[PDB]
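Notes follow once the structure below has been shown.
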Amino acid sequence: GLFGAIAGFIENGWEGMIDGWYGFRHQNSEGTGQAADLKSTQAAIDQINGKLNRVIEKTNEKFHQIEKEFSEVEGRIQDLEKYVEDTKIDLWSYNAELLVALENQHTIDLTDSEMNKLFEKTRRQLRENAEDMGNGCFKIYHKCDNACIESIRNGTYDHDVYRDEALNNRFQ
Amino acid sequence: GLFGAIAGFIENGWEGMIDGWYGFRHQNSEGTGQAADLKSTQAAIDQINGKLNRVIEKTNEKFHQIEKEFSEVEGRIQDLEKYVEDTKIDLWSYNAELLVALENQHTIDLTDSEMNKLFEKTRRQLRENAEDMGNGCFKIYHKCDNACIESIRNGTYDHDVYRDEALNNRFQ
Amino acid sequence: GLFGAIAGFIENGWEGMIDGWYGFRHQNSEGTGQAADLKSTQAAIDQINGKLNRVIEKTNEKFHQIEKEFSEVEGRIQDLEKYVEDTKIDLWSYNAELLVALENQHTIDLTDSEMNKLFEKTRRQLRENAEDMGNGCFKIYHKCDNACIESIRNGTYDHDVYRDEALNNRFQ
Amino acid sequence: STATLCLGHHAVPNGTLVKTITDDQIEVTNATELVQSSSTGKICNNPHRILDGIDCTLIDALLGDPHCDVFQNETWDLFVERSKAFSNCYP
Amino acid sequence: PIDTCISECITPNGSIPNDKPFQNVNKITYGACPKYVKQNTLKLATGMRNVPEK
Ligand SMILES: *[C@@H]1O[C@H](CO)[C@@H](O[C@@H]2O[C@H](CO)[C@@H](O)[C@H](O)[C@H]2NC(C)=O)[C@H](O)[C@H]1NC(C)=O
Ligand SMILES: *[C@@H]1O[C@H](CO)[C@@H](O)[C@H](O)[C@H]1NC(C)=O
Ligand SMILES: *[C@@H]1O[C@H](CO)[C@@H](O)[C@H](O)[C@H]1NC(C)=O
Ligand SMILES: *[C@@H]1O[C@H](CO)[C@@H](O)[C@H](O)[C@H]1NC(C)=O
Ligand SMILES: *[C@@H]1O[C@H](CO)[C@@H](O)[C@H](O)[C@H]1NC(C)=O
């Protein structure tokens, strides 16, 4: 949550969203509609799908090792074997703990960043025609029908042809 | 300093700030005032308060180990014991170095992000009534008395009722 | 790529840029010009120049160790020596893999953040005189000659004296 | 006619130099030490059953050296073996 | 020398507090001890970047 989008200014998730991870809910004269953003969801999923194969490539293959369970008490050599195994176990347990903590932190920051990136991309499409209400939801200042909305979601929103009407609505 | 808030566009800390970590300094007709933001300070402190218990949970308990100091010279077994201990020491020293470096980097990025998040939250409260002067300080474009300022700090700033006066002051 | 500047809203690198890492391309009445930003490039280079001396300070100095290659087959002691060496090798290989992955991720995020920081600094210089076109390129709304542009790049852009003309050009 | 609202963060006169991924030395407001590098010089006798072996090694107390007679039937969590211990029985 | 006091970690140099996660006293330890590291100091930041006035 480094960017304050998720659990920040969005303030709420959408349990009704099953199409993807990030998406839009629009409301205009025609009526409320909902869609999912495939590009951001795919980017986040792609960055998450591995994330453990990129550090621990795979399981290495160990065949013959030392004895790790002993019946009698020998002394020096058994002490050394027990010490070596305990040291290895402690070091690998620490590696696991730290790796999982780092990966979880980065995953959370990554998804937050994807949400923020989608918000900023949308805000940059609506140059002057819309105002950010602050709850993660844009107020667009002109007649924007479903074709308009799907152009916003598409990334081909033509801001120039609504600029005059939007500016007149905003600043009166 | 990934967001450029601290040591970035804020450019200066406040040694006179002792109430919290992040806060506001306002100046209006009545006079200059200063306050601290409790929510951001508490969030940063909460994220920092642990940060070492979450990786190294605690100290594990070791009772009987190998000998690590030797009087005479035996040969193979003493060499192996010395090698095992030196290997463990080097690996744990590297773990300590890397862990501290990573935690420090993340702490710095975290506090920078909290500063940026406070700035963005404030900017989103003042939708069109204020302009970011760029030095981390907002110019509000209307009569904003101490009740107005404490509403900004509160998070209940009502932007709608100053919109006309502010817009008239900005764009003439 | 946590901020979406590089490979995000900039969308393209400049192979013609050899002066520095980050820079500006301006176009006005006089003609197209290009320059590099020394401050951001120097900051990124400074943060990258070390980045491996700060964790692995140097090479430690090892003189007499155990035997790691054996001719005959002894049994317990040779098994223990082989196990100790294999454990050390596996642990250090994991350390190398994780360290390189973390450093690469942070370097990419760092350079992306420097690009975003330069963009935001420039945007804050042009308070109301310019509009972000969204492709990482600003449309300035007034006569801005080469002295104007080099003032923008300098960081001493005087926004107040173009505010009226720019606002008139924007909102008509 | 207009108000002003600055944002800022607290600083301190003197700061502590820490080390990050991208800085050998970077100054912060506060920092805690993570390596315990000093000792009080004395062994606390709780919660561990310490057994100070005065002039007796563990093996000498085991065999039953005369000057180790006080160590018969002793138990310990940590046997502390002093450098001054010596043997005074059959070699 | 032995002392009348409470401590969970004993080194040949005496008892040490185990509140810190690492120690540089001795590699020979007994009890709930910190881990032995070669560094004599490791500072963990518990505050923000310090940018003072002027
Ligand atoms: C930095 O943080 C440490 C840890 O909280 C502070 O040290 C503590 O300060 C309180 C102040 O009342 C004392 O009661 C504790 O005994 C201190 N702990 C230790 C281990 O010394 C330190 O004061 C902080 N530094 C600043 C400048 O605030
Ligand atoms: C979205 O844009 C693409 C290309 O920009 C276009 O082919 C398509 O018809 C648009 N509308 C959709 C996919 O509904
Ligand atoms: C701040 O807001 C809360 C609730 O929004 C309100 O109860 C309080 O009176 C406000 N002013 C303060 C805390 O000074
Ligand atoms: C840039 O600014 C500096 C100081 O602000 C000034 O001395 C210099 O003449 C300016 N122009 C340049 C470096 O081209
Ligand atoms: C504290 O600050 C003073 C000056 O403000 C400085 O001389 C000193 O070195 C700093 N540190 C300590 C431990 O006093």
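Every chain in the structure tokens takes a letter, A first, then B, and so on in the order presented; its residues are numbered from 1, and the ligands are numbered from 1 following the presented order.
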
Around ligand 1, at most 9 Å away and counting only C-alpha atoms and all ligand atoms, which residues are there? Put them as a VMD selection string, please.
(chain B and resid 49) or (chain D and resid 12 14 to 15 29 to 33) or (chain E and resid 46 to 47)

Please determine the contact residues of chain D with respect to chain E at a cut-off of 10 Å, counting only C-alpha atoms, and supply them as a PyMOL selection string.
chain D and resi 9-20+26-48+50-52+77-78+80+82

For chain A, list the residues within 12 Å of chain E, counting only C-alpha atoms, and write the list as a count of residues only.
3

Quick one: which residues from chain C are at most 8 Å off chain D, using only C-alpha atoms, as a ChimeraX atom specification?
/C:47-48,50-51,54-55

Could you please take those selected residues and save C-alpha atoms as a compact mmCIF listing (two decimals), in the first residue's frame?
# COMPACT_ATOMS: atom_id res chain seq x y z
CA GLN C 47 22.35 5.41 -6.49
CA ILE C 48 23.46 2.69 -8.92
CA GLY C 50 27.60 1.07 -5.61
CA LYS C 51 24.68 -1.18 -4.82
CA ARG C 54 26.88 -1.92 0.37
CA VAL C 55 25.91 -5.55 1.04

Would you give me, as a PyMOL selection string, the residues of chain A that come within 9 Å of chain B, using only C-alpha atoms?
chain A and resi 2-4+8-9+76-77+79-80+82-84+87-88+90-91+94-95+97-98+101+131-135+171

Once DSSP has gone over the backbone, tell me which residues of chain D are in alpha helix (DSSP H), as a VMD selection string.
chain D and resid 58 to 63

Output of the above residues as a compact mmCIF listing (two decimals), in the first residue's frame, restricted to C-alpha atoms:
# COMPACT_ATOMS: atom_id res chain seq x y z
CA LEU D 58 34.92 -31.78 34.57
CA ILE D 59 36.90 -35.00 34.18
CA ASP D 60 38.71 -34.47 37.48
CA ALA D 61 35.38 -34.01 39.26
CA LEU D 62 34.14 -37.09 37.42
CA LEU D 63 36.99 -39.40 38.42

Enumerate residues in contact with ligand 2: an atom-to-atom distance of at most 8 Å, counting only C-alpha atoms and all ligand atoms. Format the result as a list in words.
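Checking only C-alpha atoms and all ligand atoms against ligand 2 at 8 Å gives residues 150, 151, 154, 155 and 156 of chain A.
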
Can you check which residues of segment 16-77 of chain B DSSP gives as strand (DSSP E or B) on the backbone and send them as number ranges by chain?
B: 22-27, 33-37, 61-62

Work out how far atom CA of residue 18 of chain B is from atom CA of residue 140 of chain B, in Å to one decimal.
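For atom CA of residue 140 of chain B relative to atom CA of residue 18 of chain B, the distance reads 25.7 Å.
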
Could you check how far atom CA of residue 146 of chain C sits from atom CA of residue 34 of chain C, in Å to one decimal?
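Separation between atom CA of residue 146 of chain C and atom CA of residue 34 of chain C: 10.8 Å.
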
Just give me the gap between atom CA of residue 29 of chain C and atom 9 (O, counted along the ligand's line) of ligand 4 in Å, one decimal is fine.
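Going from atom CA of residue 29 of chain C over to atom 9 (O, counted along the ligand's line) of ligand 4, I get 22.6 Å.
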